[PDB]
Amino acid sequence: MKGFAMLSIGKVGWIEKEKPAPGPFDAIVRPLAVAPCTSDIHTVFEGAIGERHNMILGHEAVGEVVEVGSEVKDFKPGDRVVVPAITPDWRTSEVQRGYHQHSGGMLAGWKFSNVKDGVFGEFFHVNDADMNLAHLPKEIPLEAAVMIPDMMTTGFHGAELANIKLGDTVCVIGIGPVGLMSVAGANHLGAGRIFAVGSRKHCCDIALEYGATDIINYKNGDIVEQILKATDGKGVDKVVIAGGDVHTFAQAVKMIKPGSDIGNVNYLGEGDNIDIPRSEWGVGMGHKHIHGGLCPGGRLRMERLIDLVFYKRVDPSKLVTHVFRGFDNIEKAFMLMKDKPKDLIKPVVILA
C-alpha cells in the first residue's frame, strides 16, 4: 500500500509499505477524511522528537473499519469511526496512575506519526479497537468530525489544564486551530472575559465567534502591557498557551495573577530550555502553577467530544478553511501547514 511519510528529518514523500494486519484486539481502518497538523511540521522539519525513517505521517482521521481481530466486540467492517490521535495501550502502569497519554512512556499514548505509521496511508492500524475507536453519528459531517481527534481534544485540554473556574478572566495565547478550540473550551468551562492573542485577521474573527471578548494584537504594544492595562493592573486569572515558542511561558507568567494556572498544549519544536522569569514567578513562591500536557485520547474522550458536537455545544467546522479531495492531495494539504497562507486554519482532505 502507499503512504505519505517522513523519510528522515527534512524529507517527505510517498512510499510503499505492507498493509498492516490486526492482532485479536485491533482494527484496520481506511481513511475517509484526514487532516495535517503543525505537529508533523515540528517532527519532520525541526526534528523536534528525533530522527525517523519511513514513518507514515498524519494522526487526524475519520475512517471506515475494514477488518477487526477476533476479540473485537463493538466494531465491525463498514463502521464509520472517529479515530483519536492518542490511542493508548490501556494495560500499563501509567493508565493505573491516571495518565493514559503516557502509557508505556512519555508521550507514548500518541502513536500515529510519533512511534507508529500514521493515517496518511491507504490503510492504517488501530490498537485496541474497543478502547480506542468511537462510532461516528451520521448527523456529524466528515469535515467537522475530523477536528475531533486532535484539535478539539487538545484545545479543550489547554482549558482543562488552565484550571478555569466560573467567571475567570482567561488569556489564550495562540489562535491557530488548537487555540481556537481553547477559546471554545474556556467558554465551556465558564470563563468570563477571554483575551485572545493573535495576529492573523481570520483567526481573530473566528476567535470572537468561539467566545473571545478581546483581541490583543502586537501592533498596539507589548501584549503583556496591553493585558495589564485592560485588567487595571490585576492580570488575568488563567492562561492557556496554544502557540508561540519556548519564550511564551515568560509572557504568560508576566500577565497572570499570583495564585493561578498556565495550561500549555503547544508542542515546542525548538530550543533547549523554556525560561521562567525568576522575579515575576515570585522568586519561586508566587503560586503561578505551570502545566503542559498531551491531549487525551481513547474512545471515551472521543464520545464526550462527539456529544458536544452532536448536541450543538461546539461547532468545529469553522476551523476548516480548505477542503480538497483525493489521496494525492494529502501532500498538497501537508505542504499548506508548512507554508501557512494568511487565510489558513486547518485543511481537510476527503478521500471517500
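Position 1 is the first residue in the sequence shown; the rest follow in order.
The PDB entry records a higher mean C-alpha B factor for 59 to 67 than for its counterpart among 59 to 67 and 283 to 291. When the mean C-alpha temperature factors of 155 to 163 and 93 to 101 are read from the deposited coordinates, 93 to 101 comes out higher. When the modelled residues of the chain are ordered by their C-alpha B factor, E270 lands in the highest third. Among the modelled residues of the chain, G297 sits in the lowest third by CA temperature factor in this PDB entry. Among the modelled residues of the chain, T169 sits in the lowest third by CA temperature factor in this PDB entry.
For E209, the recorded CA temperature factor ranks within the highest third of the chain's modelled residues.
The PDB entry assigns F310 a C-alpha temperature factor belonging to the middle third of its chain's modelled residues.
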